[PDB]
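Worksheet for the structure shown next.
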Amino acid sequence: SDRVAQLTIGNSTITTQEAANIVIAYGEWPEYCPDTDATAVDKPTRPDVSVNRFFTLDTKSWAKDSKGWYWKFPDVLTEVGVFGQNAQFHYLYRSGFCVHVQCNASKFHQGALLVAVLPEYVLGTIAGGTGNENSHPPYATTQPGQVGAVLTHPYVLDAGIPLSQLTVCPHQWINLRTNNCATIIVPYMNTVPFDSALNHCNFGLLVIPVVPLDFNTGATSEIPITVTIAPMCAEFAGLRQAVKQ
Amino acid sequence: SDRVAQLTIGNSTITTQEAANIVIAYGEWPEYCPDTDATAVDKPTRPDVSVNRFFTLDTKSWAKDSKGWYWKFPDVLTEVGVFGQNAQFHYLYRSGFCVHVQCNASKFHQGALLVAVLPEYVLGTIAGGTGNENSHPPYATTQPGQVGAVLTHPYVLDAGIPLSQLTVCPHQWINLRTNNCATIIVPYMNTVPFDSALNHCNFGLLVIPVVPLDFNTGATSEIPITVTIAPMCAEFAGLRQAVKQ
Amino acid sequence: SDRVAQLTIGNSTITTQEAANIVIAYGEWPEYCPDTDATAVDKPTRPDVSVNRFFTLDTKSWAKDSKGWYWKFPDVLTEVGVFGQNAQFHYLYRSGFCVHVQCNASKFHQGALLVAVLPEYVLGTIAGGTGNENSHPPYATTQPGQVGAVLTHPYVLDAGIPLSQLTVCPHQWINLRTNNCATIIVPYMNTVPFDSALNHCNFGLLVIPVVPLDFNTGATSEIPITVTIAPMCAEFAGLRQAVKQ
Amino acid sequence: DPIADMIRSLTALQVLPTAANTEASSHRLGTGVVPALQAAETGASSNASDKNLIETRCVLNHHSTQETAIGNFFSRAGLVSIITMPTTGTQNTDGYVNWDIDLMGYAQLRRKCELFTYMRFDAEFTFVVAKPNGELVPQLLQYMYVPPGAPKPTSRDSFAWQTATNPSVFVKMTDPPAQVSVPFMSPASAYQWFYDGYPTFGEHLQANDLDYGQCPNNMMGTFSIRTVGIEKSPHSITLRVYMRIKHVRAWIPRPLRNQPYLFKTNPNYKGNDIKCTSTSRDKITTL
Amino acid sequence: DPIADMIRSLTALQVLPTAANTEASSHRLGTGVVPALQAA
Ligand SMILES: CCCCCCCCCCCCC/C=C\[C@H](O)[C@H](N)CO
Ligand SMILES: [Cl-]
Ligand SMILES: [Cl-]
Ligand SMILES: [Cl-]
Ligand SMILES: [Cl-]
Ligand SMILES: [K+]
Ligand SMILES: [K+]
Ligand code: NA
Ligand code: NA
């Protein structure tokens with residue numbers, strides 16, 4: 001009655017029989033931009049069900065030695081379905097998200113993933129190792145698309161900050177002996193009411209195995225992790241021709 | 001609170017800690033024949049507790065290659081306890097039934113039995129294979145007694161009809177990972193208010209493994225299936241000497 | 001909601017997620033001695049939290065061939081913490097107890113311990129085998145201290161009485177497939193309102209494996225048993241210098 | 001008084017003239033409620049509806065449910081028998097025919113009735129007669145119903161055709177087709193297409209295993225026909241009999257026949273060629 | 001009208017000038033209640 005759940009939005013429904021509640025980031029539900037805060041004068045388009053629905057991205061495989069992955073929003077969907085199309089045809093975009101990360105194993109496996117949302121996830125480089133080289137991450141690393149990317153130094157989140165403190169951000173854990181999914185509802189966060197879905201990623205989703213996967217040999221070894229996300233209250237403005245970047 | 005249950009009738013009680021509800025065939029509880037529907041004028045005998053109680057028949061063994069079994073009612077009990085005696089001494093009989101099929105395994109076994117009640121289960125022969133021979137089933141096949149019989153062609157229920165549609169009849173499934181028994185309460189169904197317990201079988205109980213039993217070697221391989229049934233509202237009339245058939 | 005529990009007393013808290021209720025010996029909660037029953041005239045000291053708290057004694061290891069153990073009260077604590085100190089400095093003592101015996105295994109182990117409290121547990125000897133020798137148990141056997149002792153003939157509780165009837169005393173069972181602890185609350189029982197904590201043991205705690213421990217080789221074989229007890233309503237009187245015995 | 005121990009259906013009918021409407025629904029995100037999850041083991045069918053699995057609009061559905069009422073499904077005349085009286089051959093150069101009433105000889109109607117275990121109804125019988133090539137000639141015929149126990153005619157001029165009590169119909173092959181109404185005649189409360197039993201007591205030796213499944217309560221007697229005349233008629237005659245069920249009630253639905261029929265009186269099927277209910281394909285992942 | 005389908009924050013601020021007080025408590029012995037157990 002807290003372990004079972006159903007998420008239905010648009011023409012999509014998710015079920016889970018081993019949940020651990022649902023997190024509402026910073027205690028706020030997503031909402032369309034109100035007239036007091038807005039600044040752009042054109043009437044926006046709010047497609048509703050064609051874009052506020054669940055999209056499932058490519059699946060990753062969890063190994064006894066995985067470092068961890070991350071995805072950027074709204075990058076992941078800029079080229080998927082009607083949402084992506086709207087993001088390309090408009091200068092301005094704004095929305096919230098429902099993030100549902102899935103991973104099930106058996107009562108004989110063990111491990112724990114930390115699933116977190118980090119607003120304005122700016123990445124850094126290892127500075128040529130010595131620290132004398134002012135290198136920067138390439139587009140493919142800052143905006144990995146729907147495939148996401150791999151962390152090279154999870155301990156410092158590839159950004160000089162401690163993973164140990166990431167729990168200060170909206171999160172849940174997928175502890176195999178307890179649950180098989182994490183759900184986080186994220187409201188729009190930015191210093192401006194609307195923004196470009198192409199140039200600015202509002203937040204990043206990190207999935208890091210803090211307690212490594214383990215199991216006796218003979219047990220299923222392919223333990224995937226799947227990410228399903230749904231935009232909420234997607235709004236768009238500043239219509240023109242389509243732009244990919 | 002729906003998975004646990006107790007059935008007490010007569011001097012017998014059944015318990016189960018892994019049930020899946022109880023079915024009341026066609027939504028009707030068994031009941032004694034009312035004066036408007038009755039036709040025979042003699043006052044019937046309604047033995048009550050000596051016959052409306054649970055009787056457990058011979059157990060069958062479920063193998064990775066079993067085809068399925070069936071029993072006919074009231075044939076199964078015509079020679080058991082006080083019920084059988086009453087069925088033999090009287091021309092007329094009428095009753096309902098509580099059918100409880102049992103089968104437990106382990107959280108590591110798998111398989112699914114379909115437990116169904118089929119009114120007027122008339123059997124057919126394979127017609128000499130070619131279909132040019134108008135053969136018929138022998139007494140032993142139409143009225144197998146308390147041992148029941150084996151289906152030779154479960155897919156067509158040995159009667160030219162699709163097993164795939166048997167769920168249109170009162171039924172439950174025993175899906176090893178979910179429950180360990182099926183319970184169906186059956187009311188008297190016939191075109192006449194009372195009938196011969198010897199010449200006419202009101203319905204048949206089918207237990208067919210639709211999803212075959214399986215388990216890793218080393219696990220218990222003897223997985224029995226037991227049938228326990230209880231007549232309900234048994235009534236008899238037309239007393240005379242005992243007749244076995 | 002009967003399987004989960006928490007015991008908090010003093011600066012100590014016990015938790016369990018596989019309990020089987022709690023027993024209140026003879027239906028009575030411990031209580032301080034009332035003025036009608038008391039006889040000693042000096043105002044007693046009732047230390048409260050420094051002595052009414054949980055103390056965990058040495059752990060025992062359960063083997064496929066263990067006979068069973070026992071501890072005497074208040075002997076077990078006469079030399080532990082502030083309770084022991086008070087028991088040594090005073091002639092008179094009185095208290096109740098909360099006994100919590102712990103033992104967890106896996107869903108693949110099996111066995112059953114009978115946990116019981118036997119008031120005035122007087123031990124006997126095997127009388128030189130033949131029964132012609134009027135031998136007696138040595139101090140170390142009658143008052144084994146916090147380590148407890150081992151039963152040589154559990155069937156007769158080393159006292160010529162049947163283990164089969166011990167359930168007539170306050171008890172619980174730790175049946176590995178069901179629970180992992182036993183909890184018994186014991187009130188002061190004696191023919192006098194206060195007594196010596198050194199010369200008289202009010203009751204004995206017996207932990208006997210009636211259904212032997214078993215498991216397939218490969219499974220964890222170190223299955224300990226731990227005893228944690230808490231004096232309740234401890235009262236002391238007749239202050240003088242400390243005496244150990 | 002001095003001995004204490006000496007002292008239903010949870011579902012009923014509704015009228016549904018139209019298909020259910022669809023109420024508009026929005027997104028539902030929460031724990032505890034989970035309509036998409038079911039337990040087919042219970043024996044019940046899923047209770048989930050569109051609004052629980054997706055976001056729906058409102059739809060005022062006026063589709064009628066009337067054409068699927070069993071009455072409209074069955075009250076359509078179907079062929080139940082073809083009787084022939086030829087003039088030359090081993091068939092019936094006698095000028096008359098006695099037919100045991102058994103309607104299970106033609107599949108179309110039979111499969112429809114066998115969808116149910118018991119049926120009670122009245123019927124309209126239509127008799128379409130002509131020469132075997134479809135031509136019509138001025139021939140006078142007599143159709144007579146001979147209930148169980150009534151003397152069956154033994155010739156074109158048997159006394160039985162006096163038909164003083166049995167009902168008879170006299171019609172010309174040139175008149176339109178004769179048509180009559182027949183009441184529900186079983187001594188039972190309903191006709192039953194399946195009778196898992198034997199008609200009589202006794203040992204059921206393999207010699208009389210043809211008794212199995214034979215329900216006397218469905219045996220309605222004989223239907224006799226003749227050309228009306230003392231002399232033989234020169235015309236071969238073809239009589240097709242159609243039956244239209246009316247005032248019908250049905251009980252206990254069962255799986256539909258999925259193997260061709262072999263015999264009127266039993267469900268025997270061709271074991272060497274057991275047909276699959278569905279067509280096949282190569283892979284479960286391809287259409 | 002002829003087309004039906006065309007028709008927040010659960011936490012807020014408090015003033016806390018001082019650290020929370022500690023209320024006196026005694027022993028609690030029972031089943032069902034278990035505050036020490038959590039689900040991070
Ligand atoms: C003058 C015209 C007379 C027409 C009389 C026709 C009477 C036929 C009554 C219909 C009875 C329903 C059929 C009953 C049983 C089935 O044939 C059984 N399968 C036979 O075993
Ligand atoms: Cl690292
Ligand atoms: Cl088959
Ligand atoms: Cl012993
Ligand atoms: Cl005549
Ligand atoms: K409607
Ligand atoms: K304060
Ligand atoms: Na449901
Ligand atoms: Na808690």
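Chain lettering (A, B, ...) mirrors the order of the structure tokens, residue numbering begins at 1 for each chain separately, and ligand numbering begins at 1 in order of display.
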Could you give me, as a list in words, every polymer residue with an atom at most 10 Å away from an atom of ligand 5, counting only C-alpha atoms and all ligand atoms?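 With only C-alpha atoms and all ligand atoms and a cut-off of 10 Å, ligand 5 is contacted by residues 142, 156, 157, 158, 159, 160, 161, 162, 163, 228, 229 and 230 of chain D.
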Need the shell around residue 233 (chain C): protein/DNA/RNA residues with any atom at most 10 Å away, counting only C-alpha atoms. Skip same-chain ones fewer than 6 positions apart. Format as a list in words?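 Near neighbours after the sequence-gap exclusion: residues 29, 30, 31, 32, 33, 46, 47, 48, 49, 51, 52, 94, 95, 96, 97, 187 and 188 of chain C.
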Could you write out that same residue set with N, CA and C atoms as an mmCIF file, in the first residue's frame?
data_model
loop_
_atom_site.group_PDB
_atom_site.id
_atom_site.type_symbol
_atom_site.label_atom_id
_atom_site.label_comp_id
_atom_site.auth_asym_id
_atom_site.auth_seq_id
_atom_site.Cartn_x
_atom_site.Cartn_y
_atom_site.Cartn_z
ATOM 1 N N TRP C 29 2.512 -7.719 35.429
ATOM 2 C CA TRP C 29 3.632 -6.839 35.178
ATOM 3 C C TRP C 29 4.415 -6.653 36.447
ATOM 4 N N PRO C 30 5.724 -6.477 36.313
ATOM 5 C CA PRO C 30 6.514 -6.277 37.521
ATOM 6 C C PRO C 30 6.103 -4.954 38.157
ATOM 7 N N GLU C 31 6.289 -4.833 39.468
ATOM 8 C CA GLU C 31 5.934 -3.614 40.193
ATOM 9 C C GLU C 31 6.779 -3.523 41.457
ATOM 10 N N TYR C 32 6.992 -2.305 41.950
ATOM 11 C CA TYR C 32 7.773 -2.114 43.172
ATOM 12 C C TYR C 32 6.985 -2.683 44.332
ATOM 13 N N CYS C 33 7.680 -3.059 45.390
ATOM 14 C CA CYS C 33 6.983 -3.626 46.528
ATOM 15 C C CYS C 33 6.167 -2.579 47.287
ATOM 16 N N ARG C 46 15.934 3.172 44.520
ATOM 17 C CA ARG C 46 15.342 2.690 43.272
ATOM 18 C C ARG C 46 16.028 3.488 42.169
ATOM 19 N N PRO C 47 17.276 3.106 41.833
ATOM 20 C CA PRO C 47 18.191 3.682 40.838
ATOM 21 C C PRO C 47 17.584 4.013 39.478
ATOM 22 N N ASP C 48 16.498 3.329 39.131
ATOM 23 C CA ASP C 48 15.811 3.565 37.863
ATOM 24 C C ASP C 48 16.642 3.249 36.598
ATOM 25 N N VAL C 49 16.858 4.247 35.740
ATOM 26 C CA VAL C 49 17.581 4.027 34.485
ATOM 27 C C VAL C 49 18.990 3.442 34.533
ATOM 28 N N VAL C 51 19.897 0.961 36.236
ATOM 29 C CA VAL C 51 19.809 -0.491 36.392
ATOM 30 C C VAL C 51 18.666 -1.150 35.631
ATOM 31 N N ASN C 52 17.624 -0.390 35.311
ATOM 32 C CA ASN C 52 16.517 -0.970 34.559
ATOM 33 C C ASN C 52 16.787 -0.624 33.100
ATOM 34 N N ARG C 94 15.207 -6.857 44.883
ATOM 35 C CA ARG C 94 13.926 -7.250 44.330
ATOM 36 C C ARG C 94 13.764 -6.599 42.968
ATOM 37 N N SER C 95 13.284 -7.358 41.991
ATOM 38 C CA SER C 95 13.043 -6.785 40.667
ATOM 39 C C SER C 95 12.338 -7.767 39.761
ATOM 40 N N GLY C 96 11.978 -7.287 38.583
ATOM 41 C CA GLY C 96 11.332 -8.140 37.612
ATOM 42 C C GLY C 96 12.307 -8.153 36.457
ATOM 43 N N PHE C 97 11.940 -8.811 35.367
ATOM 44 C CA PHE C 97 12.829 -8.871 34.223
ATOM 45 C C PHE C 97 12.128 -8.941 32.901
ATOM 46 N N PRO C 187 7.581 -11.015 36.456
ATOM 47 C CA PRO C 187 7.362 -10.254 37.688
ATOM 48 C C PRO C 187 8.102 -10.934 38.844
ATOM 49 N N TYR C 188 8.358 -10.206 39.930
ATOM 50 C CA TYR C 188 9.049 -10.799 41.076
ATOM 51 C C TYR C 188 8.182 -11.895 41.692
#
Can you tell me, as a list in words, what residues are no more than 8 Å from residue 60 (chain B) when counting only C-alpha atoms, ignoring any on the same chain fewer than 5 positions away?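 Residues near the query, excluding close chain neighbours: residues 224, 225 and 226 of chain B.
Residues of protein, DNA or RNA having any atom at most 6 Å from ligand 7, counting only C-alpha atoms and all ligand atoms, are residues 18, 19, 20 and 21 of chain E.
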Take the residues that were just selected and, keeping C-alpha atoms, output them as a PDB file, in the first residue's frame.
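So the final result, stored in out.pdb, reads:
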ATOM      1  CA  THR E  18      15.348  28.199  19.081  1.00  0.00           C
ATOM      2  CA  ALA E  19      16.395  24.591  18.886  1.00  0.00           C
ATOM      3  CA  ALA E  20      13.691  22.057  19.591  1.00  0.00           C
ATOM      4  CA  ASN E  21      13.058  21.123  23.234  1.00  0.00           C
TER       5      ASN E  21
END
Surrounding residues as number ranges by chain, ligand 9, max 9 Å, only C-alpha atoms and all ligand atoms: E: 33-39
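Candidate residues D:190, D:241, D:107, D:164 were compared for distance to chain B, and the nearest is D:190, using only C-alpha atoms.
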Set the distance at 12 Å and use only C-alpha atoms: which residues neighbour residue 84 (chain B) once local chain neighbours fewer than 3 positions away are removed? I'd like the list as a PDB file with N, CA and C atoms, in the first residue's frame.
ATOM      1  N   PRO B  47     -30.281 -36.291   4.752  1.00  0.00           N
ATOM      2  CA  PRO B  47     -29.313 -36.797   5.735  1.00  0.00           C
ATOM      3  C   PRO B  47     -28.436 -35.751   6.416  1.00  0.00           C
ATOM      4  N   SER B  50     -24.226 -36.409   7.593  1.00  0.00           N
ATOM      5  CA  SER B  50     -23.626 -37.685   7.211  1.00  0.00           C
ATOM      6  C   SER B  50     -23.209 -37.697   5.734  1.00  0.00           C
ATOM      7  N   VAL B  51     -23.760 -36.795   4.926  1.00  0.00           N
ATOM      8  CA  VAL B  51     -23.411 -36.774   3.506  1.00  0.00           C
ATOM      9  C   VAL B  51     -22.884 -35.439   2.994  1.00  0.00           C
ATOM     10  N   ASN B  52     -23.212 -34.348   3.678  1.00  0.00           N
ATOM     11  CA  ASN B  52     -22.709 -33.049   3.243  1.00  0.00           C
ATOM     12  C   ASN B  52     -21.464 -32.791   4.083  1.00  0.00           C
ATOM     13  N   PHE B  55     -14.976 -35.332   1.327  1.00  0.00           N
ATOM     14  CA  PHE B  55     -14.436 -36.651   1.026  1.00  0.00           C
ATOM     15  C   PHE B  55     -13.181 -36.426   0.191  1.00  0.00           C
ATOM     16  N   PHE B  73     -19.285 -36.200 -11.808  1.00  0.00           N
ATOM     17  CA  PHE B  73     -20.139 -36.083 -10.629  1.00  0.00           C
ATOM     18  C   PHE B  73     -21.580 -36.415 -10.984  1.00  0.00           C
ATOM     19  N   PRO B  74     -22.273 -37.157 -10.106  1.00  0.00           N
ATOM     20  CA  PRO B  74     -21.794 -37.686  -8.820  1.00  0.00           C
ATOM     21  C   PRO B  74     -21.048 -39.032  -8.834  1.00  0.00           C
ATOM     22  N   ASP B  75     -20.657 -39.515 -10.009  1.00  0.00           N
ATOM     23  CA  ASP B  75     -19.959 -40.798 -10.083  1.00  0.00           C
ATOM     24  C   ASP B  75     -18.890 -41.018  -8.999  1.00  0.00           C
ATOM     25  N   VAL B  76     -17.967 -40.069  -8.867  1.00  0.00           N
ATOM     26  CA  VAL B  76     -16.891 -40.172  -7.878  1.00  0.00           C
ATOM     27  C   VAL B  76     -17.324 -40.657  -6.508  1.00  0.00           C
ATOM     28  N   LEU B  77     -18.517 -40.280  -6.067  1.00  0.00           N
ATOM     29  CA  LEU B  77     -18.923 -40.699  -4.733  1.00  0.00           C
ATOM     30  C   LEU B  77     -19.981 -41.775  -4.624  1.00  0.00           C
ATOM     31  N   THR B  78     -20.461 -42.288  -5.748  1.00  0.00           N
ATOM     32  CA  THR B  78     -21.500 -43.308  -5.672  1.00  0.00           C
ATOM     33  C   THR B  78     -21.155 -44.512  -4.802  1.00  0.00           C
ATOM     34  N   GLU B  79     -19.888 -44.688  -4.455  1.00  0.00           N
ATOM     35  CA  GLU B  79     -19.549 -45.826  -3.612  1.00  0.00           C
ATOM     36  C   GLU B  79     -18.716 -45.458  -2.407  1.00  0.00           C
ATOM     37  N   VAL B  80     -18.904 -44.235  -1.925  1.00  0.00           N
ATOM     38  CA  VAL B  80     -18.161 -43.758  -0.779  1.00  0.00           C
ATOM     39  C   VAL B  80     -19.057 -43.312   0.366  1.00  0.00           C
ATOM     40  N   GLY B  81     -18.748 -43.813   1.554  1.00  0.00           N
ATOM     41  CA  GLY B  81     -19.498 -43.447   2.735  1.00  0.00           C
ATOM     42  C   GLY B  81     -21.004 -43.497   2.615  1.00  0.00           C
ATOM     43  N   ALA B  87     -27.149 -42.872  -2.452  1.00  0.00           N
ATOM     44  CA  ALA B  87     -27.276 -42.794  -3.903  1.00  0.00           C
ATOM     45  C   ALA B  87     -27.694 -44.134  -4.490  1.00  0.00           C
ATOM     46  N   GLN B  88     -27.281 -45.220  -3.839  1.00  0.00           N
ATOM     47  CA  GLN B  88     -27.611 -46.560  -4.311  1.00  0.00           C
ATOM     48  C   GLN B  88     -29.026 -46.983  -3.945  1.00  0.00           C
ATOM     49  N   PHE B  89     -29.453 -46.644  -2.732  1.00  0.00           N
ATOM     50  CA  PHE B  89     -30.785 -47.027  -2.285  1.00  0.00           C
ATOM     51  C   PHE B  89     -31.927 -46.203  -2.856  1.00  0.00           C
ATOM     52  N   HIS B  90     -31.607 -45.068  -3.469  1.00  0.00           N
ATOM     53  CA  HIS B  90     -32.644 -44.203  -4.022  1.00  0.00           C
ATOM     54  C   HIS B  90     -32.579 -44.046  -5.533  1.00  0.00           C
ATOM     55  N   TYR B  93     -31.834 -38.433  -6.877  1.00  0.00           N
ATOM     56  CA  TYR B  93     -30.794 -37.728  -6.145  1.00  0.00           C
ATOM     57  C   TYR B  93     -30.657 -36.322  -6.682  1.00  0.00           C
ATOM     58  N   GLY B 145     -15.233 -43.508 -12.080  1.00  0.00           N
ATOM     59  CA  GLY B 145     -15.249 -43.747 -10.643  1.00  0.00           C
ATOM     60  C   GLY B 145     -14.418 -42.728  -9.875  1.00  0.00           C
ATOM     61  N   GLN B 146     -14.028 -43.067  -8.647  1.00  0.00           N
ATOM     62  CA  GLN B 146     -13.265 -42.129  -7.831  1.00  0.00           C
ATOM     63  C   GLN B 146     -11.803 -41.945  -8.222  1.00  0.00           C
ATOM     64  N   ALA B 197     -28.354 -40.815  -9.769  1.00  0.00           N
ATOM     65  CA  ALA B 197     -26.948 -40.548  -9.502  1.00  0.00           C
ATOM     66  C   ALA B 197     -26.092 -41.561 -10.256  1.00  0.00           C
ATOM     67  N   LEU B 198     -26.732 -42.596 -10.789  1.00  0.00           N
ATOM     68  CA  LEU B 198     -26.007 -43.639 -11.500  1.00  0.00           C
ATOM     69  C   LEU B 198     -25.968 -43.492 -13.015  1.00  0.00           C
ATOM     70  N   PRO B 231     -20.502 -32.842  -0.939  1.00  0.00           N
ATOM     71  CA  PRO B 231     -21.837 -32.640  -1.489  1.00  0.00           C
ATOM     72  C   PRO B 231     -22.473 -31.543  -0.626  1.00  0.00           C
ATOM     73  N   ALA B 234     -27.549 -32.298  -0.144  1.00  0.00           N
ATOM     74  CA  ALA B 234     -27.863 -33.569  -0.775  1.00  0.00           C
ATOM     75  C   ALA B 234     -29.276 -33.980  -0.345  1.00  0.00           C
ATOM     76  N   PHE B 236     -32.510 -36.975  -1.363  1.00  0.00           N
ATOM     77  CA  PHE B 236     -32.765 -38.238  -2.068  1.00  0.00           C
ATOM     78  C   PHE B 236     -34.234 -38.620  -1.999  1.00  0.00           C
ATOM     79  N   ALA B 242     -31.017 -51.362  -2.736  1.00  0.00           N
ATOM     80  CA  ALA B 242     -29.791 -50.786  -3.282  1.00  0.00           C
ATOM     81  C   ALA B 242     -29.453 -51.282  -4.684  1.00  0.00           C
ATOM     82  N   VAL B 243     -29.016 -50.367  -5.538  1.00  0.00           N
ATOM     83  CA  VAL B 243     -28.642 -50.684  -6.916  1.00  0.00           C
ATOM     84  C   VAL B 243     -27.286 -50.030  -7.175  1.00  0.00           C
ATOM     85  N   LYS B 244     -26.337 -50.773  -7.745  1.00  0.00           N
ATOM     86  CA  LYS B 244     -25.018 -50.196  -8.005  1.00  0.00           C
ATOM     87  C   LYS B 244     -24.938 -49.586  -9.405  1.00  0.00           C
ATOM     88  N   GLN B 245     -25.785 -50.063 -10.319  1.00  0.00           N
ATOM     89  CA  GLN B 245     -25.847 -49.484 -11.658  1.00  0.00           C
ATOM     90  C   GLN B 245     -26.955 -50.017 -12.538  1.00  0.00           C
TER      91      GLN B 245
END
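Among the candidates A:21, A:196, A:12, A:106, the one nearest to chain E when counting only C-alpha atoms is A:21.
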Counting only C-alpha atoms, chain E residues within 6 Å of chain C, as an NGL selection string: :E and (27-32 or 34)
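Identified as lying at most 12 Å from ligand 4 when counting only C-alpha atoms and all ligand atoms are the residues residues 65, 66, 67, 68, 126, 150, 151, 152, 153, 154, 155, 156, 157, 158, 159, 160, 161, 162, 163, 164, 208, 209 and 210 of chain C.
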Export, as a compact mmCIF listing (two decimals), in the first residue's frame, the selected residues with N, CA, C and O atoms.
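Output (selection.txt):
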# COMPACT_ATOMS: atom_id res chain seq x y z
N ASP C 65 24.04 -30.75 17.40
CA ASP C 65 23.98 -31.65 18.56
C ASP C 65 23.94 -30.97 19.94
O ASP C 65 24.23 -31.60 20.95
N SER C 66 23.58 -29.69 20.00
CA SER C 66 23.53 -29.00 21.28
C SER C 66 22.45 -29.60 22.19
O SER C 66 21.39 -30.01 21.70
N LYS C 67 22.71 -29.64 23.49
CA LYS C 67 21.76 -30.18 24.47
C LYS C 67 20.84 -29.09 25.03
O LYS C 67 19.68 -29.34 25.33
N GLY C 68 21.37 -27.88 25.19
CA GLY C 68 20.57 -26.80 25.74
C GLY C 68 21.29 -26.10 26.88
O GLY C 68 22.18 -26.67 27.53
N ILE C 126 23.08 -36.75 39.01
CA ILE C 126 22.69 -38.08 38.56
C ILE C 126 22.95 -39.13 39.64
O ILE C 126 22.86 -40.33 39.39
N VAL C 150 25.42 -25.70 30.66
CA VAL C 150 24.85 -26.65 29.72
C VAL C 150 24.08 -27.77 30.41
O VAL C 150 24.52 -28.30 31.43
N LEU C 151 22.94 -28.15 29.84
CA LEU C 151 22.16 -29.24 30.43
C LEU C 151 22.79 -30.55 30.01
O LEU C 151 23.16 -30.72 28.84
N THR C 152 22.93 -31.48 30.94
CA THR C 152 23.51 -32.78 30.60
C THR C 152 22.40 -33.75 30.20
O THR C 152 22.61 -34.64 29.38
N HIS C 153 21.23 -33.57 30.79
CA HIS C 153 20.08 -34.41 30.50
C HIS C 153 18.82 -33.58 30.32
O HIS C 153 17.90 -33.62 31.15
N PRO C 154 18.77 -32.81 29.24
CA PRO C 154 17.61 -31.95 28.97
C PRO C 154 16.24 -32.63 29.14
O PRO C 154 15.31 -32.02 29.65
N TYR C 155 16.13 -33.90 28.74
CA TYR C 155 14.85 -34.60 28.85
C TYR C 155 14.23 -34.53 30.25
O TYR C 155 13.01 -34.53 30.38
N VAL C 156 15.07 -34.48 31.28
CA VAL C 156 14.58 -34.38 32.66
C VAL C 156 15.06 -33.09 33.33
O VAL C 156 15.07 -32.97 34.57
N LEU C 157 15.45 -32.13 32.50
CA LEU C 157 15.92 -30.81 32.94
C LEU C 157 16.93 -30.87 34.08
O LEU C 157 16.97 -29.98 34.93
N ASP C 158 17.76 -31.91 34.09
CA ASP C 158 18.77 -32.09 35.14
C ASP C 158 18.11 -31.95 36.52
O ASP C 158 18.76 -31.51 37.48
N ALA C 159 16.84 -32.35 36.63
CA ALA C 159 16.14 -32.21 37.90
C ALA C 159 15.02 -33.20 38.12
O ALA C 159 14.11 -32.96 38.92
N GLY C 160 15.06 -34.30 37.37
CA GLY C 160 14.05 -35.33 37.53
C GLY C 160 12.64 -34.97 37.12
O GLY C 160 11.69 -35.62 37.56
N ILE C 161 12.49 -33.95 36.28
CA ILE C 161 11.17 -33.53 35.81
C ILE C 161 11.16 -33.48 34.29
O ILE C 161 12.16 -33.12 33.67
N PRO C 162 10.02 -33.82 33.67
CA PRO C 162 9.88 -33.84 32.21
C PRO C 162 9.89 -32.55 31.43
O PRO C 162 9.09 -31.65 31.65
N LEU C 163 10.81 -32.46 30.48
CA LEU C 163 10.90 -31.30 29.63
C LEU C 163 9.54 -31.19 28.94
O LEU C 163 9.02 -30.10 28.76
N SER C 164 8.95 -32.33 28.58
CA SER C 164 7.66 -32.32 27.88
C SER C 164 6.59 -31.43 28.51
O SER C 164 5.67 -30.99 27.81
N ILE C 208 16.22 -24.59 25.21
CA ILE C 208 16.47 -25.96 24.78
C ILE C 208 16.03 -26.25 23.35
O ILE C 208 14.91 -25.96 22.96
N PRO C 209 16.94 -26.82 22.56
CA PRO C 209 16.53 -27.11 21.19
C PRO C 209 15.72 -28.40 21.18
O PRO C 209 16.28 -29.49 21.24
N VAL C 210 14.40 -28.27 21.13
CA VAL C 210 13.53 -29.44 21.11
C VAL C 210 13.49 -30.04 19.70
O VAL C 210 13.38 -31.25 19.54
Please identify all polymer residues within 12 Å of region 11-14 of chain E, counting only C-alpha atoms, omitting same-chain residues fewer than 3 positions from it, and present them as a list in words.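 My reading of the contact set: residues 24, 25, 26, 27, 28 and 29 of chain A; 8, 17 and 18 of chain E.
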Only C-alpha atoms, please: the residues just picked out, written as a tab-separated table (two decimals), in the first residue's frame.
chain	number	residue	atom	x	y	z
A	24	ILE	CA	8.42	15.15	-5.11
A	25	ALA	CA	11.56	17.22	-5.61
A	26	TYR	CA	11.81	20.10	-3.13
A	27	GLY	CA	8.20	19.43	-2.31
A	28	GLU	CA	6.80	21.00	-5.49
A	29	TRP	CA	4.64	19.66	-8.26
E	8	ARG	CA	1.00	23.07	-5.31
E	17	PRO	CA	14.09	31.00	16.87
E	18	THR	CA	15.35	28.20	19.08
